[PDB]
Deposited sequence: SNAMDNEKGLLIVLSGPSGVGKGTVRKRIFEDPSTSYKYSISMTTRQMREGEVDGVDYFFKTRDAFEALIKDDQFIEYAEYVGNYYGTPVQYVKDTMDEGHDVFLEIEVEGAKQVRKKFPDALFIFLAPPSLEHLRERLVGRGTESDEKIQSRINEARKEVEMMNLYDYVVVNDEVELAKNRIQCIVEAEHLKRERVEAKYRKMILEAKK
């Protein structure tokens, strides 16, 4: 039906994707859901299970990998991080747009399962001020749109526009009227 969009935000480490995502979620003009990732790293002071992350053992995470229960996962410095599939599918089926915040290479995994998801790459402003740039540009080929994080407000506006445009796409709007 009118399933919600899957919106995938990534970019190089330290680019400020968390900060931009937080700005997007402060905007009252839209209402998004957020996929809380699973991790095998230890819970740190102040963190709460099912809020910051779902904290699991390495054996549990690997059992879930085996059962195809992640849209994407990766291992960083000995700890798994990944996106549980069921929350995403259920939330989209309820009509809600859902954001994933993932690391860059994970887009290939997501696209295999959700080829029509909206992939947004957040680029550092050092690209617009201009070797390391080659690596950053190489990362982009997995994504649909590129937004420079020059200022948090401007980046948020650009992303909101991209999402609004996605809701106006003909294939989506056409299907809605056809099915009616």
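Residues 1 to 5, 136 to 154, 205 to 210 of the deposited sequence have no C-alpha coordinates in the structure.
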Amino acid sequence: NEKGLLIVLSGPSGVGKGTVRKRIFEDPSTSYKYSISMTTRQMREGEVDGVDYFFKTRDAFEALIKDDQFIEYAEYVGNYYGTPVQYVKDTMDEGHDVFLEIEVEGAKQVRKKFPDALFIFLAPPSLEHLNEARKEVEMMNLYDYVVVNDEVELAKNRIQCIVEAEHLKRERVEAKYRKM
From here on, numbers count along this sequence of modelled residues.
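Across the two stretches, 6 to 14 and 168 to 176, the PDB entry reports the greater mean Cα temperature factor for 168 to 176. Stretches 147 to 155 and 53 to 61 differ in mean CA B factor, with 147 to 155 having the higher one. Highest C-alpha temperature factor among 36, 117, 139, 123, as the PDB entry reports it: 139. Take 97, 105, 72, 101 and read off each C-alpha B-factor from the entry; 105 has the highest.
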